[PDB]
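Participant:
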Amino acid sequence: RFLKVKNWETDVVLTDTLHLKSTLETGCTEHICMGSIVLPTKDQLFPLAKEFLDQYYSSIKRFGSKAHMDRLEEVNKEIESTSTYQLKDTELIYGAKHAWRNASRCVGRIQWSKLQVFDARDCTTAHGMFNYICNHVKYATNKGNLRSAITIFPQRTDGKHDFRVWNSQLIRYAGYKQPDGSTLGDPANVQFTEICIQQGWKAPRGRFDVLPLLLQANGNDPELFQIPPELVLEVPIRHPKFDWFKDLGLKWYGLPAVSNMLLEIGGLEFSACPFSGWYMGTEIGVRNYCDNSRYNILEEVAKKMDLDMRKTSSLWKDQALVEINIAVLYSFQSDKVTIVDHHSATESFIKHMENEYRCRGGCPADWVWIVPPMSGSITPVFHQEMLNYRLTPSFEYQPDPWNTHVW
Amino acid sequence: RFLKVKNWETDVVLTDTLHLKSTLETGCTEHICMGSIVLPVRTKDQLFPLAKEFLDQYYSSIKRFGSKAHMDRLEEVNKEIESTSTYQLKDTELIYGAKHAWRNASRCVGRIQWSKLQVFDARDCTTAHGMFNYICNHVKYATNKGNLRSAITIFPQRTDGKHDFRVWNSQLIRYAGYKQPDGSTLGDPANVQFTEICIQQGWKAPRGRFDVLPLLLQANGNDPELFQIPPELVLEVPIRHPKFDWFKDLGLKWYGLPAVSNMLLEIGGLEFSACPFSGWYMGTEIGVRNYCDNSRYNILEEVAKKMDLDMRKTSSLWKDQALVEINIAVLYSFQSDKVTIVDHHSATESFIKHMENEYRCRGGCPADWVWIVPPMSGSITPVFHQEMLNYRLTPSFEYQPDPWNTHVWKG
Ligand code: HEM
Ligand code: HEM
Ligand SMILES: N=C(NCCC[C@H](N)C(=O)N[C@H]1CN[C@H](C(N)=O)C1)N[N+](=O)[O-]
Ligand SMILES: N=C(NCCC[C@H](N)C(=O)N[C@H]1CN[C@H](C(N)=O)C1)N[N+](=O)[O-]
Ligand SMILES: C[C@H](O)[C@H](O)[C@H]1CNc2nc(N)[nH]c(=O)c2N1
Ligand SMILES: C[C@H](O)[C@H](O)[C@H]1CNc2nc(N)[nH]c(=O)c2N1
Ligand SMILES: [Zn+2]
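So the protein sequences, as listed, match chains A and B. For reference, each letter of the first sequence is one residue, going 299 to 338, 350 to 716 in the deposited numbering. For reference, each letter of the second sequence is one residue, going 299 to 338, 348 to 718 in the deposited numbering.
Next comes the structure, spelled out in structure tokens:
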């Protein structure tokens with residue numbers, strides 16, 4: 299019932315009770331753990358809504374109040390009547406901040422309470438959506454001094470009128486498969502980069518072509534839009550010692566903004582809720598630049614450093630890795646763009662975890678994702694036992710639209 | 299039921315049916331994952356079924372399932388159990404069981420070597436002195452002058468639980484840790500508690516930074532006894548760097564033989580409480596964890612100062628730069644002195660191949676991602692991108708409580 303988590307570096311033991319409010323399933327069972335797997350009705354609605362309001366009113370110290378009882382009845386009626394309901398703005402904001410609060414895979418949750426919420430529920434078209442998105446991008450970028458934000462489009466009705474942003478992030482580079490068999494640009498986006506062309510986009514076939522937004526409103530077909538170049542802040546990547554680094558011609562955008570997830574609040578579903586914070590260095594330096602299925606630049610950087618790539622035991626890949634990461638952080642800091650290094654980010658998460666354990670009774674956390682992709686054990690999260698479970702409100706994965714859309 | 303795992307770097311998908319033979323629990327439920335938690348006398352009633360499953364697995368492995376030799380063995384064990392309440396394994400079954408406990412160890416990245424385990428049968432052992440002799444022979448055989456060979460030595464199994472054989476050391480070879488009155492620690496902080504127990508038992512500690520601890524051996528449930536491993540049998544490696552001539556001046560060295568000695572080996576229901584085993588080191592175990600954990604030798608600062616790195620802000624990644632160099636140093640030293648060792652790229656690449664082979668020939672390969680992925684450079688090794696399934700199969704190696712916590716001293 300009452301589980302404990304120990305930190306093996308400091309011996310600190312914390313007790314977790316919050317998991318007892320868990321509702322969804324983990325993917326695991328008493329016989330098999332799937333901890334490393336990436337993707338493991351009016352009757353159904355009212356209980357969900359009730360759970361939500363109860364936690365909302367409890368949070369505002371008005372649990373079991375008339376206000377609580379009243380709103381509770383109002384939604385009940387509305388659901389029985391409209392088969393659904395609408396959240397007050399206060400509930401919308403609270404639900405959003407909490408879905409972030411509950412994202413077990415996010416290392417930056419110490420910032421959860423400061424989220425700026427943009428209510429875009431009154432949106433009706435793709436141009437509208439485009440307008441809302443440009444505004445989000447500009448507000449969030451804030452000339453390099455990034456601020457967390459989320460823009461929430463209209464909730465689901467009959468699934469046949471869902472709003473969706475086809476991009477996986479508001480800002481991502483294109484990927485083209487060249488005759489060479491090789492891939493130009495970002496391999497992760499190759500497919501999408503084609504679905505844009507299949508819609509009309511005039512790809513510039515470069516190594517870093519900011520993709521175009523493909524916005525879908527009320528279930529209609531998606532439309533393209535080219536984010537104002539002046540609103541997309543990019544950082545040229547240069548090393549603070551290796552002048553040849555700049556010749557690699559690498560650059561990355563300053564705004565990470567997941568746009569393909571689904572936000573669930575009180576049973577209600579929001580299929581279009583792009584959100585953004587700021588990068589942790591490693592996301593770019595390790596994964597985007599060094600994953601083999603991505604820009605895979607380790608060999609190139611290795612060569613330029615004149616390292617002995619003959620034997621893996623020379624740890625050349627590891628040395629190159631560190632440098633590629635030193636340059637990203639350096640480049641971002643120099644241009645005054647917000648970015649956090651894995652040491653600082655993990656330290657803050659540990660601090661956040663401790664606050665959460667004593668003020669909320671726990672903090673769902675996915676160790677496989679919280680531990681940085683480099684120098685794992687030299688960060689404090691490596692030594693921290695964590696409990697993973699699903700709390701609502703939450704951010705969930707959802708099928709790509711192009712594999713579900715009835716044109 | 300079938301379970302698929304995918305490699306997100308190569309898009310390869312594998313199917314797992316082996317998990318169906320999994321009996322033991324994981325610590326997880328449909329409502330919570332405990333994947334990152336370190337630690338989440349039998350009765351005749353529960354023994355024969357356990358013996359039976361094992362024998363069935365054993366006879367299928369040798370292509371004689373259902374044979375007369377198979378049925379006669381089951382009858383013999385059954386009679387023996389009701390007759391004596393327990394049973395003895397044949398040499399063949401012991402060897403098979405030991406190899407399979409390793410093969411089933413989900414936290415081990417070196418399993419590609421599993422079938423090559425040299426098994427030493429020490430079931431005829433009766434005294435601590437005898438235990439010391441078997442262990443010296445194990446160390447010498449396994450070390451092989453630097454060309455390491457996997458080995459395990461198996462002491463008498465548990466009977467009533469009051470006559471256990473235990474090796475109190477957590478590893479046959481380890482450096483002493485000493486708590487100073489000023490609160491600082493000399494040596495390996497990880498071994499301070501055990502070191503105190505040794506001194507209390509009469510060990511004369513030399514109090515240096517790398518003193519090989521003595522063996523504290525418990526036979527037949529009696530009080531443990533101290534023995535010093537002949538120095539000439541302990542292979543050690545001075546750590547130096549291939550380009551930084553000042554590295555050697557750090558005064559670092561490490562033993563060459565890693566030998567877990569505090570785990571319990573379970574085979575067909577039988578419990579072997581003293582079963583020291585050894586293979587060889589993956590570099591990061593020494594370079595990353597033993598040297599750089601804040602709770603161990605903690606040398607990152609000193610190494611960073613010497614390299615004269617910008618330690619003014621973590622964002623310069625000085626800790627990361629120093630870590631890589633320390634790890635290059637460990638691999639270079641071992642290779643130079645011709646002592647077996649493997650780097651994390653090589654070990655993880657071998658594990659992936661081993662894993663695929665297992666899915667294809669065995670129907671699966673229980674693996675703990677949290678432990679398999681190296682403590683540095685995670686995503687540039689193939690295992691980071693590999694989905695894994697973790698479950699418990701027997702025979703197996705299990706944790707057991709430290710003996711000083713449960714021992715009834717006789718004095
Ligand atoms: C303020 C700075 C923030 C930092 C430094 C941060 C950092 C991170 C990191 C490093 C990851 C892993 C990314 C990956 O490997 O793909 C992550 C994942 C995630 N974060 Fe945060 N984050 C921040 C803001 C946000 C915000 C504002 C939200 C939502 C409102 C959020 C929701 C999540 C979710 C749901 C995931 C997992 C997504 C997935 O499964 O792909 N994060 N974050
Ligand atoms: C041939 C060399 C081998 C290599 C390179 C190898 C590598 C490793 C490494 C790196 C770990 C993680 C250790 C840690 O982080 O504390 C591990 C764990 C483990 N290995 Fe192996 N191993 C080898 C041989 C063996 C043998 C011979 C056995 C058993 C017969 C074995 C049983 C285990 C067990 C049970 C664990 C987990 C121990 C624990 O939970 O503390 N390994 N191995
Ligand atoms: N720092 C982030 N990071 C999350 C988005 C960027 C991340 N580096 C990324 O590329 N995410 C993709 C690829 N892997 C995720 C998946 N589940 O497949 C989505 N978000 N934020 O709001 O501050
Ligand atoms: N390569 C190894 N490694 C395992 C032993 C060395 C390991 N670095 C170690 O010190 N293990 C201790 C500390 N942590 C484990 C635990 N569960 O607490 C035991 N063994 N082998 O047989 O080849
Ligand atoms: C297979 C494995 O689950 C996969 O590679 C995971 C591991 N941990 C991760 N952690 C983070 N933060 N992001 C990722 O994309 C992943 N990928
Ligand atoms: C808390 C967490 O489980 C713990 O620090 C684990 C993580 N992964 C590990 N992996 C290996 N190989 N060895 C360890 O000691 C650990 N420690
Ligand atoms: Zn699990």
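No residue lacks a Cβ here, since even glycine has one placed at the ideal position from N, Cα and C.
(1) What does a CB cutoff of less than 7 Å around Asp530 (chain A) pick up in its chain, not counting 5 residues either side in sequence?
(2) Indicate, with yes or no, if ligand 2 has a heavy atom lying under 8 Å from the CB of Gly586 (chain B).
(3) Near ligand 5, which residues have their beta-carbon closer than 6 Å to a heavy atom?
(4) Just confirm the distance between the C-beta atoms of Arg516 (chain A) and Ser640 (chain A), as a whole number of angstroms; I'd bet it's less than 8 Å.
(5) What residues from chain A crowd round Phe704 (chain B), counting only those whose CB sits closer than 8 Å?
(6) Would DSSP call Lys560 (chain B) helix, strand or coil?
(7) Output yes if chain B places a C-beta closer than 9 Å to the C-beta of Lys397 (chain A); else output no.
(8) So that I know if they touch, is there some Cβ in chain A lying closer than 9 Å to that of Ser477 (chain B)?
(9) Determine whether the beta carbon atoms of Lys351 (chain B) and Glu307 (chain B) lie at a separation below 9 Å.
(10) Would you mind giving the Cβ-Cβ distance between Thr460 (chain A) and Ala412 (chain A), rounded to the nearest angstrom? I have them listed as a contact below 8 Å.
(11) Assign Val384 (chain B) to one of two classes, buried (16 or more other C-beta atoms within 10 Å of its C-beta) or exposed (fewer than that).
(12) Considering only heavy atoms of ligand 3, does any lie closer than 8 Å to the CB of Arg596 (chain A)?
(13) Since I believe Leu396 (chain A) is in contact with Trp409 (chain A) (beta carbons under 8 Å), could you give me their beta-carbon distance rounded to a whole number of angstroms?
(14) Could you tell me if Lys386 (chain B) is buried or exposed, where buried requires 16 or more neighbouring beta carbons within 10 angstroms of its beta carbon?
(15) Who are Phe579 (chain B)'s beta bridge partners in DSSP?
(16) Measure the C-alpha to C-alpha separation of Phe551 (chain A) and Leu624 (chain B) and round it to an integer number of angstroms.
(17) Using a 10 Å radius around the Cβ and a threshold of 16 neighbouring Cβ atoms, would you call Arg418 (chain B) buried or exposed?
(18) Using CA coordinates, which residue listed in B:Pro702, B:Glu705 and B:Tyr698 is at the minimum distance from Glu328 (chain A)?
(19) Compute the Euclidean distance between the alpha carbons of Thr393 (chain B) and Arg667 (chain B), then round it to the nearest angstrom.
(20) For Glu573 (chain B) and chain A, any beta-carbon pair shorter than 9 Å?
(21) Determine which residues of the segment 395–420 of chain A have a Cβ less than 8 Å from any Cβ of chain B, and write them out in chain order.
(22) Quick one: list the residues of chain A neighbouring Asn634 (chain B), beta-carbon separation under 7 Å, in chain order.
(23) Do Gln478 (chain A) and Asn601 (chain A) count as a contact pair if the criterion is CB distance below 9 Å?
(24) Output needed for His470 (chain B): all residues of its chain with C-beta closer than 6 Å, excluding positions within five of it in sequence on either side, in chain order.
(25) Quick one: what does DSSP say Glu307 (chain A) is sitting in, helix, strand or coil?
(26) Measuring only between beta-carbons, confirm whether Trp561 (chain B) sits less than 9 Å from chain A.
(27) Once you ignore the five residues that flank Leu381 (chain A) on each side, which residues in its own chain have a CB closer than 6 Å to its CB?
(28) Thinking C-alpha only, which one of B:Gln500, B:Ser643 and B:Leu322 is nearest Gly453 (chain B)?
(29) Tell me the rounded alpha-carbon separation between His651 (chain B) and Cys582 (chain B).
(30) Taking Cβ-Cβ distances below 7 Å as the criterion, which residues of the segment 299–324 of chain A are in contact with chain B?
(31) Using C-beta distances below 6 Å, list every residue in its chain close to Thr655 (chain A), excluding the 5 sequence neighbours before and after it, in chain order.
(32) Sorry if obvious, but does the Cβ on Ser457 (chain B) come closer than 8 Å to a heavy atom of ligand 4?
Facilitator: Per the coordinate set shown:
(1) Along the first sequence, one-based indexing puts residue 530 (chain A) at 221. If we look at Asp530 (chain A) and ignore the five residues flanking it on each side, its Cβ neighbours are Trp716.
(2) Numbered from 1 along the second sequence, position 279 holds the residue referred to as residue 586 (chain B). Yes - ligand 2 has a heavy atom lying nearer than 8 Å to the Cβ of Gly586 (chain B).
(3) Residues lining ligand 5 by the Cβ criterion, that is a Cβ closer than 6 Å to any of its heavy atoms, are A:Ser334, A:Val336, A:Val677, A:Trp678, B:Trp306, B:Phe691, B:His692, B:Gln693 and B:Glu694 in chain order.
(4) Translated into the one-based positions of the first sequence, residue 516 (chain A) becomes position 207. Translated into the one-based positions of the first sequence, residue 640 (chain A) becomes position 331. Contact flag wrong, Cβ pair sits at about 16 Å.
(5) Within the second sequence, the letter at position 397 stands for residue 704 (chain B). Per Cβ cutoff of 8 Å: no residues; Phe704 (chain B) is ~18 Å from chain A at best.
(6) Taking the second sequence and counting its residues from 1, the one referred to as residue 560 (chain B) is at position 253. Strand at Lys560 (chain B).
(7) Translated into positions along the first sequence, residue 397 (chain A) becomes position 88. Residue-level contact by beta carbon fails for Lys397 (chain A) and chain B, as no gap is shorter than 9 Å.
(8) Position 170 of the second sequence holds residue 477 (chain B). With its beta carbon at least 9 Å from every one in chain A, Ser477 (chain B) lies outside the interface.
(9) In the second sequence, residue 351 (chain B) corresponds to position 44, counting from 1. In the second sequence, residue 307 (chain B) corresponds to position 9, counting from 1. At least 9 Å separates the beta-carbon of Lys351 (chain B) from that of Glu307 (chain B).
(10) Here the question's residue 460 (chain A) lines up with position 151 in the first sequence. Here the question's residue 412 (chain A) lines up with position 103 in the first sequence. Not quite, the Cβ-Cβ distance comes to about 17 Å (not below 8 Å), so this is no contact.
(11) Locating residue 384 (chain B) in the second sequence gives position 77, where the first residue counts as 1. Counting Cβ neighbours within 10 Å, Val384 (chain B) comes out buried, since at least 16 surround it.
(12) Against the first sequence, residue 596 (chain A) aligns to sequence position 287. At least one heavy atom of ligand 3 sits closer than 8 Å to the Cβ of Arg596 (chain A).
(13) Here the question's residue 409 (chain A) lines up with position 100 in the first sequence. Here the question's residue 396 (chain A) lines up with position 87 in the first sequence. Not quite, the Cβ-Cβ distance comes to about 16 Å (not below 8 Å), so this is no contact.
(14) Taking the second sequence and counting its residues from 1, one reaches residue 386 (chain B) at position 79. Flag for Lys386 (chain B) reads exposed.
(15) As a first step, residue 579 (chain B) must be located in the second sequence, where it is residue number 272. DSSP lists B:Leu572 as the beta-bridge partner residues of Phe579 (chain B).
(16) The residue labelled residue 551 (chain A) in the question sits at position 242 within the first sequence. The residue labelled residue 624 (chain B) in the question sits at position 317 within the second sequence. Those two C-alpha atoms are separated by around 16 Å.
(17) If you number the second sequence from 1, residue 418 (chain B) lands on position 111. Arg418 (chain B) sits buried, since 16 or more C-beta atoms from the chains shown fall within 10 Å of its C-beta.
(18) As a first step, residue 328 (chain A) must be located in the first sequence, where it is residue number 30. Closest by alpha carbon: B:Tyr698.
(19) Numbered from its first residue, the second sequence carries residue 393 (chain B) at position 86. Numbered from its first residue, the second sequence carries residue 667 (chain B) at position 360. C-alpha separation (whole angstroms): 36 Å.
(20) For this step, residue 573 (chain B) is matched to residue 266 along the second sequence. At a cut-off of 9 Å between beta-carbon atoms, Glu573 (chain B) makes no contact with chain A.
(21) Under the 8 Å Cβ criterion, the segment 395–420 of chain A contributes no residue.
(22) Position 327 of the second sequence, counting from 1, holds the residue named residue 634 (chain B). Residues of chain A whose Cβ lies closer than 7 Å to the Cβ of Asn634 (chain B) are, in chain order, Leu624.
(23) Locating residue 601 (chain A) in the first sequence gives position 292, where the first residue counts as 1. Locating residue 478 (chain A) in the first sequence gives position 169, where the first residue counts as 1. A distance of 9 Å or more separates the beta carbons of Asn601 (chain A) and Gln478 (chain A).
(24) For this step, residue 470 (chain B) is matched to residue 163 along the second sequence. So the list reads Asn527 and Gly528, once near-sequence residues are dropped.
(25) Within the first sequence, residue 307 (chain A) is the residue found at index 9, counting from 1. Coil at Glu307 (chain A), not helix or strand.
(26) Walking along the second sequence from the start, residue 561 (chain B) turns up at place 254. So no, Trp561 (chain B) is outside the interface.
(27) On the first sequence, residue 381 (chain A) is found 72 positions in, with the first residue counted as 1. The residues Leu362, in chain order, have a CB closer than 6 Å to that of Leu381 (chain A) in the same chain once the five nearest residues on each side in sequence are set aside.
(28) For the purposes of this step, residue 453 (chain B) is identified with residue 146 of the second sequence, where counting begins at 1. Closest option to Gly453 (chain B), Cα to Cα, is B:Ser643.
(29) The residue labelled residue 651 (chain B) in the question sits at position 344 within the second sequence. The residue labelled residue 582 (chain B) in the question sits at position 275 within the second sequence. Distance between the alpha carbons of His651 (chain B) and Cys582 (chain B) is about 26 Å.
(30) Against chain B - using a Cβ distance shorter than 7 Å - the residues of the segment 299–324 of chain A are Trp306, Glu307, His317, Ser320, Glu323 and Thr324.
(31) In the first sequence, counting from the first residue as 1, residue 655 (chain A) sits at position 346. For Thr655 (chain A), where only same-chain residues beyond five positions count, the Cβ hits under 6 Å are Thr688, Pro689 and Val690.
(32) As a position in the second sequence, residue 457 (chain B) is number 150, starting the count at 1. Between ligand 4 and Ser457 (chain B), a heavy atom-to-CB distance of less than 8 Å is present.
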